[PDB]
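1. everything below, folded, please.
(chains A and B, ligands or ions: 2)
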Amino acid sequence: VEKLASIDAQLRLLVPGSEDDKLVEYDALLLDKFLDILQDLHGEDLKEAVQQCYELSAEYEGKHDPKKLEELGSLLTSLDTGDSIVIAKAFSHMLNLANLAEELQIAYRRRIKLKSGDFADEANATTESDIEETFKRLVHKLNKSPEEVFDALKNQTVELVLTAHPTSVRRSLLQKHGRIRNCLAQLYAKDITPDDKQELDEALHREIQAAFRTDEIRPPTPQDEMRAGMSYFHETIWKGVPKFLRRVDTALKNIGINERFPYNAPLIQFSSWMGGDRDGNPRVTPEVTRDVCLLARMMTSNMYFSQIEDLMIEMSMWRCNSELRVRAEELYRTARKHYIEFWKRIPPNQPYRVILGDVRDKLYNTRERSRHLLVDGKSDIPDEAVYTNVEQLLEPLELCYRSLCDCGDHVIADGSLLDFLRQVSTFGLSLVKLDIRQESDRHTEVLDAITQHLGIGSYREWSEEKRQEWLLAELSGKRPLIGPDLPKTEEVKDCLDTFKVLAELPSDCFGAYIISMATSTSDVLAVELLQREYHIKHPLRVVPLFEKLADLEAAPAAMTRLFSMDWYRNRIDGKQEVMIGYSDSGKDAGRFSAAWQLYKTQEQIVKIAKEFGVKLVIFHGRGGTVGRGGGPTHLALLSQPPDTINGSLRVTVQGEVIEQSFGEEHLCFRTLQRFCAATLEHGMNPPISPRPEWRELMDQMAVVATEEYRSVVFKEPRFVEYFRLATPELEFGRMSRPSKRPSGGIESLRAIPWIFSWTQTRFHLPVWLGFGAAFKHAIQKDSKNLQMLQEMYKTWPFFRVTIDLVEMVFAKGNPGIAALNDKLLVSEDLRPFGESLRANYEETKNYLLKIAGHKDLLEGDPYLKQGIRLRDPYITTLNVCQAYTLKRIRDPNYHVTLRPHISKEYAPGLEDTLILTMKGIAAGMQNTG
Amino acid sequence: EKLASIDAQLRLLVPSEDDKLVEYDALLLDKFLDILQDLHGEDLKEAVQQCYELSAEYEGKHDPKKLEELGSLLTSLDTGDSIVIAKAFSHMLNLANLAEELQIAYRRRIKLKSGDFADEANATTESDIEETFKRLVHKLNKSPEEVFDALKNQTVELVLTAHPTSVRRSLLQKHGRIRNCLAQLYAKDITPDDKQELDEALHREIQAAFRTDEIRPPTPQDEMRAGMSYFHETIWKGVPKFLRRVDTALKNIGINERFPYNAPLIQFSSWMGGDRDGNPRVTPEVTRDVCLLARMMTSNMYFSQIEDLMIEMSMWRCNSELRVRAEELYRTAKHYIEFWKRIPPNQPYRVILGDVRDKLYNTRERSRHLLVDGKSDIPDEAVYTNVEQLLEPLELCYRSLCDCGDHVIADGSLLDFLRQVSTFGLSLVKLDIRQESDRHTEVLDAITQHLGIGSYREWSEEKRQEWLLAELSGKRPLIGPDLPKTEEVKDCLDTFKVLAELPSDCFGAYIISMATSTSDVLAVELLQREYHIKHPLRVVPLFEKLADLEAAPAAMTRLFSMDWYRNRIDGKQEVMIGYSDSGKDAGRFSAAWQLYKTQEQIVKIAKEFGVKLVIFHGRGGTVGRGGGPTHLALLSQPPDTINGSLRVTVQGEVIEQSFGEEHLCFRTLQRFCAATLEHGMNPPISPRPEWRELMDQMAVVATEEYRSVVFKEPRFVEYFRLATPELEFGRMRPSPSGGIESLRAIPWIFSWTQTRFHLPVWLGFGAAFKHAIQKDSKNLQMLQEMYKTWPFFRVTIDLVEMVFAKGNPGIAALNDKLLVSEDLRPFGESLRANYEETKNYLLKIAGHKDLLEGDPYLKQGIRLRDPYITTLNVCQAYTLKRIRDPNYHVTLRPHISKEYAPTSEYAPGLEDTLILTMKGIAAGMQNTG
Ligand SMILES: O=P(O)(O)OC[C@H]1O[C@H](O)[C@H](O)[C@@H](O)[C@@H]1O
Ligand SMILES: O=P(O)(O)OC[C@H]1O[C@H](O)[C@H](O)[C@@H](O)[C@@H]1O
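-> Numbering: from 1, shown residues only, chains lettered A, B, ... in the order given. Ligands and ions are numbered 1, 2, ... in the order given. For reference, the structure is listed below:
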């Protein structure tokens, strides 16, 4: 009768339970159904094996008895390659289930009705403010008129830049995840028949299996990796955006604005790095970039195309204004179809349809030109027949729209037509615009080739002042720099060709050219010059990304110098965007010192832009508090230094967060919602400025933290051998892209790998190291600092948000895993070094607690804690499995007695098991640094 | 918990929406087990579970092995442990019945009903009072005024008899508390804490019941003082609630006034201390005492609530009529305390009600002193000797209120109180007297012989009549103080001295058991005259044997022919009938049909002589079933047999179901009132002559079979004495030499109910059905049309069907095997064969595959009780063996119950175990014949 109630009972033990809190039930059902499936497919024997692992991991998660971990080891390590693959798949798959259940729980959790009004409320989905509440706060708590709010909003832009998953999932598998999540959602609805329940049951059972059996063993091209993206948009964002904008409309009613948000106001914009970012990544060629533009153009046209037919059916009206009636007549007159819904000709009896039919053909053509260009390279298709610019596509829709209003039918015009206008206006002809990123040294290499080939010396050898002097001269040069007959290395050709691609393609494909490892004025001019050389008609804006602390300290001088140049001031036309990267900067100096430095740098650069009349946009690269997703993003955005958003947000949406943020319609909606709300609020309601005591203490702690971080990571010569052993970092490095930009050392290692290696291991060093020294030293210098730190946590959003993130990571941390790793993988001489780090973990964690005023991690956030506690047993099993696998890979001569093979049925090795393991853990850990 | 498991194993017994019964039973059982553990130890708890598991397993499959395994267990228990098990199961039953009461109470009514009369056989589909009114008005062209009028003149008298085995006022209230705790545990918006506390409340109250189990006989006085509980508990409040519903129902058909508060719609009566038929414990002094108790307690009830009405009646505006009488009372210038003060005429309603209170108190005290001393120094002036005296001041208040513009207030508690007073009078119940005809003969014979004029016994009926009428107008007494009297004749004569001394509002009817003739009734009239009873009780013949029924019409005709009698009865005669009694003579079937005809004939006869005839339904009817079935049973009565006046026995074994829970109480009252009303305006169809004819034919055959087996077969009584606890019941009222004709009906029915075989209820139906079908296969169709179309027939078959559902021939078989000698077993086998064949014909006629297809809810109720009953049957059977048999002993298990804490009879505790058993079974079986 009842496997489930028991599985529920044994799942409750992990987190004690309440009202709309279904998570444990959800997880229980999913798990119980999943076990049956393992039984059918692989046999009782294996099912038990899987349960045993779970029981052990769970028992471990409760008490934390290192014995349990070893028992688990004995089990996992005794499995042949075949069975371990299966277990690895199993746990890796129960995780994805646990995440769906959590998405669903988060989606339907009840909002708190009366909120404290504290800014802390904005760090949690249940208490944060929706758009209407935000408007109201601004109007009533801040004396802004509705008109002023409406106005702010009309001018606001929010750009979400999508990056590729650092490990990324299949469009099929997504949809199974959706179907499973829906079956589950549906099983919990009252007024549900025994039959429907029975049928939903088998539907659920079936869709889990279908997912489990979609598990083929692999690398994939940038093109496919990107063609991935065009899914999530279909799946959720494409529909999400109109839904949200309609909510904006409703919210404006309720504060007394009697009009809808203009359909062409560019409130929300999307962008991408996929096929764009070539930094330390030679797989991203010019041809790749040409292909992702054409794909983007294609698919977008296709989307507009597959829904136009539905709008056409809906638009059965015959009453129109004359403006339209003319243009319809024209179009019927000029007539004399590959697809089928409307495969016929259409009576001018129904004019809206005539227009939209033309639109459809044009969309189809636009689809086809991009398709042929993509596969052939030529296409015999006139610009006349096709949308080369979004205005061309809006125009007929605006026509219909106006016509409807004029005939007295605005109410109808504000239905699907409006949604469609909003989609077109948000997504344009290219769903995402592509950013280009390359590292400064590359532009230097190119310019050096040029200068040397010209016989004038070596750009590399020149001083900054010289580079600037030369660059400006040539920026007004009266004759080209570059011949066809210039000697080029493959890299230089690759780089130059990227500009040939930028010149050939329509500019509505592209966003910014980001310069990785920027450090100077010359770095930006260099890119400007090459754009001029290739006669790019609408050059992309150049965006320096300042990474290292020193580079951040130098940035203000660099920006000031830029803004001092008339050539440059006039090219940028009042607008500059600068990029920052929390992970990057924190790899240099620790997370703490990087956080603080970035606060100040933004402040200074804002001040500098203000002085020169420049609107400054700060592009948030990965690693922020602001890329967490969920409520915490809400507060993180409000926590930003004053005037740093100023109506224009641009942030990275880290791949490892795209599912949480967008994969479910409600979360999708609220993601969009908070980005828009927070951005709006901030420009009219900055956080308080830090008290000077706080700046002073923060400066003092930064030095100590950076000292500790660098002591351990760069100064200590034992560290890299430790890292290489205690961590799958090397094995990761036989992949996404070369994680060492072969030079050797941590400074050489890229940040994603850095973060990822220590996340696998549950130890998370890159995120907390240096916080402990900083805290300890500040308290030991003066016990009154504890009070100050606490006041800072209570009152200073930046600080709060900074500590919450590190707290969340400790909650996903477990030093026992780190300890097991030492014991299995690390040599006897390095173990005390490990012990030492674990000691620092603990001490850091405890200070962090003392400062937030919590006994236990996440007291402020039981729901998040519950989510984590539930995932853990699964992750733990993967950690352990991983650890022994790493052993067997590294040590050809480690062997133990293998249990006779357990899986039934009715070529793969350790490396395959390790990948499964790396991906399960990564998906269980989501974002950290 | 282990509840879900107990729920799971309870579901198996009966495989939905508001169907909580299984949960209810599960919880109760799980709580009850814990209690057995605490009090008696794991060891015993398991023993109890084992019995339950076995019984349940048995109830599903019906494997005789299970029964034997159970036997081995039960028969291996020492006297100490078997007592405990017997208490346990006997107590789980009472729990199961409370749960069922609760389930029945809250089951949902069907909203659209077929309109068929079958709908009235089930609580979910039967008609409430409003629906009845509406049917009458719309489907039958009666004006609201005509309905209202019918109702105003309608009387419903419920005569309460004593439980044939009866429960304690304390224990009732525990049953109530348990039932409420349970009801409360199932309510949403309920806290973890309230749930926790209700849990322990529940747990506690079960234990308190379980530990209220002392071993004993009790006096008629106490047995009756029992009654005065159920009224307190439920009827006292029930009546006003229902009458208020009548009021609401009258609104909704457009009558704009309330049911008159003094219209005697509902009246109650009792046999307790009244019925002395074959029961010499019921002496004259007993009868005196139950009148005085009744008078006392009733005064007390009025008294304990008056104080609450007085507080409520804080008004000061009154009419003059009242204001005078108040002034008077204050002008004319306290043991208890609520109002222990004097009262300002400032508040006049209170002044009146204070007087009323004192008068009620005095009335209470006089009855109390008379009861314990025999004299009381208390003037009639100080006291209510007549209900009008108590109404008058209430009507005063009532009128005053309406006159001051406060009728709305007057229709609150005051109205309730008026209704109570008017329904219950000064004596909650009126007492009927019953004695058997032969006794009056014995008395008159003593008299005639002492007078020297011969022997009344020897005289012919014509002679008796001639003498009786002469003496009924005699001009001088019959009886001296000097008359020779046996203890019986004195007992009988003293009863009349008691009737003459006590107020007439204490009494109802004098029922003559074993009536047969006109003289039988005149005899009683004469003795009443002799004792100068100022308001003689009406004489009611109870005709029992079939012959006595066939002779009744001639007897009634003769009575109605006598001017002496016609003028004494003043237009009204009541006649009693007794289904069980008559069915003990001739079989249930022939008795049913004969009673249909007798009623018809006697009705006809009364109609001809201008006499309003009331038929007093004694026990055994379809009409004493309680629940919906009663509803249809009443509607099924022959035309004109109710004629505005229903009088029916409420069998003791049905009082709990009918009244113990406020909702069932209300609906019991409801259907009695509704059915009665409807019938006088909407009789059932009259039987088709073919049907009469076939019924007459089947009656002969059925009587033949019944009498063949019971009276003609000389082996029968030895069979009965062995297969049945009948003898042991007979060491209890005396159930002097025997034979079955001698044995009383309750014992007859009860003996075969214990045994789950139920012979008295079905025997003879099988022969009748078989012979009718074998004479002519077209009869089957006729029988089925009768079942479909003729309420009497339907109702008659449903009852027998219900009994088969409570039947189990395996128990009967086990009994034979354990208790009956080898030579009589084939006789048993033969009866079991008849059981089967009868059951199967009965099914074939109702058109059912299985028993109770028409009634899944009832079947569920039975299925759930059964395992408990089965355990008691088995326990019982072996106990009966050990009692009867010197040659039986088996190895006893070492004692199982723990404990911390002479009483000898026949065998050392067996007799006690048997009683427990007899009472558990009886309470699990409720009503059958
Ligand atoms: O961090 P990397 O290893 O350079 O990899 C790529 C990431 O780098 C930076 O930190 C950027 O700020 C992000 O927009 C990007 O996802
Ligand atoms: O023991 P008995 O002869 O049945 O007497 C007791 C019963 O007798 C008759 O059947 C009456 O109709 C009942 O009102 C009463 O309960």
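2. report how many residues lie close to the residue of chain A found nearest chain B.
-> Nearest residue of chain A to chain B: residue A:1, at 4.6 Å (CB to the nearest CB). Yep, even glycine has a C-beta here, placed from its N, CA and C like the rest. Residue A:1 has 11 neighbouring residues, counting by other CB atoms under 10 Å in any protein chain shown.
3. for residue A:832, same thing?
-> Under the neighbour criterion other CB under 10 Å, residue A:832 is assigned a count of 10.
4. same question for whatever helix or strand it lives in: list its buried residues.
-> Taking DSSP states H and E as the definition, one finds residue A:832 inside helix A:831-852. Under the neighbour-count criterion of 16 or more other CB atoms under 10 Å in any protein chain shown, helix A:831-852 has A:833-834, A:837, A:840-841, A:844-845, A:847-849, A:851-852 buried.
5. now do stretch A:639-653
-> A:639-653.
6. chain center to that stretch, what's the gap?
-> Chain-centre distance of stretch A:639-653: 16 Å, with CA atoms, centre = their mean, to the nearest Å.
7. got the end-to-end distance for it?
-> 18 Å (CA to CA, to the nearest Å).
8. do the same with stretch A:130-145
-> For stretch A:130-145, the end-to-end distance is 18 Å (CA to CA).
9. hmm, who's touching that stretch?
-> Contacting residues not belonging to stretch A:130-145 are listed as A:129, A:146, A:149, A:247-248, A:250-252, A:254-255, A:673, A:676-677, A:680-681, A:684-685 [CB atoms under 8 Å, 6 or more residues apart in numbering or on different chains].
10. among the residues you listed, which lie within helices?
-> In helices, judged by DSSP state H, the following of the contacts of stretch A:130-145 are found: A:146, A:149, A:247-248, A:250-252, A:673, A:676-677, A:680-681.
11. give me the buried subset of those.
-> Neighbour counting by 16+ other CB under 10 Å classes A:146, A:149, A:247-248, A:251-252, A:673, A:676-677, A:680-681 among the ones in helices among the contacts of stretch A:130-145 as buried.
12. format those residues as a markdown table; extra columns: distance to residue A:708.
-> Below are these laid out as a markdown table (distance: CB to CB, whole Å):
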| residue | distance to residue A:708 |
| --- | --- |
| A:146 | 51 |
| A:149 | 46 |
| A:247 | 47 |
| A:248 | 47 |
| A:251 | 47 |
| A:252 | 51 |
| A:673 | 40 |
| A:676 | 39 |
| A:677 | 38 |
| A:680 | 39 |
| A:681 | 36 |
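13. out of those, who's nearest ligand 2?
-> Taking CB to the nearest ligand atom as the measure, ligand 2 sits nearest to residue A:247 out of those, at 74.8 Å.
14. that closest one against residue A:676, yeah?
-> No - assessed by CB atoms under 8 Å, residue A:247 is found out of contact with residue A:676, at 9.8 Å.
15. residue in chain A nearest to ligand 1?
-> residue A:621 (2.0 Å).
16. what's the local residue count around the nearest residue to residue A:547 once chain neighbours are set aside?
-> In space, and not counting its chain neighbours, residue A:547 is closest to residue A:584: 4.2 Å by CB to CB, 6 or more residues apart in numbering or on different chains. Applying other CB under 10 Å, we find 25 residues neighbouring residue A:584.
17. could you say which helix or strand holds residue A:584?
-> Assigned by DSSP H and E, residue A:584 falls in helix A:582-589.
18. what residues does that helix touch?
-> Counting by CB under 8 Å, 6+ apart, A:545, A:547-549, A:552, A:591, A:593-595, A:597-598, A:620-624, A:705-706, A:709-710, A:746-747, A:749, A:751-752, A:754-755, A:766-767, A:770, A:929 sit against helix A:582-589.
19. show me the contacts for residue A:626.
-> So residue A:626 contacts A:620, A:633, A:636-637, A:640, A:651 (CB under 8 Å, 6+ apart).
20. between the residues you listed, which sits nearest ligand 2?
-> Out of the contacts of residue A:626, the member with the shortest distance to ligand 2 (by CB to the nearest ligand atom) is residue A:633, at 80.7 Å.
21. ok, then the element right after the helix or strand that contains that closest one?
-> Secondary structure from DSSP H and E places residue A:633 in helix A:631-639. Per DSSP H and E, the first helix or strand lying C-terminal to helix A:631-639 is strand A:648-653.
22. CA atoms of the helix or strand following that next one as CSV?
-> For strand A:648-653, the following helix or strand on the C-terminal side (DSSP H and E) is helix A:655-662. The C-alpha coordinates for helix A:655-662 follow below in CSV (Å, rounded to 0.1, in the frame of the first residue of the first chain):
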residue,chain,number,x,y,z
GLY,A,655,24.7,29.7,-16.9
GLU,A,656,24.6,27.7,-13.7
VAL,A,657,21.7,29.9,-12.7
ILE,A,658,19.6,30.2,-15.9
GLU,A,659,17.4,27.2,-15.0
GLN,A,660,16.5,28.6,-11.5
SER,A,661,16.0,32.1,-12.9
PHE,A,662,14.0,31.2,-16.0
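23. and the contacts of helix A:655-662?
-> A:99, A:103, A:162-169, A:232, A:235-237, A:240, A:627-630, A:653, A:667-668, A:671, A:922, A:926-927.
24. fine, thanks again, bye for now.
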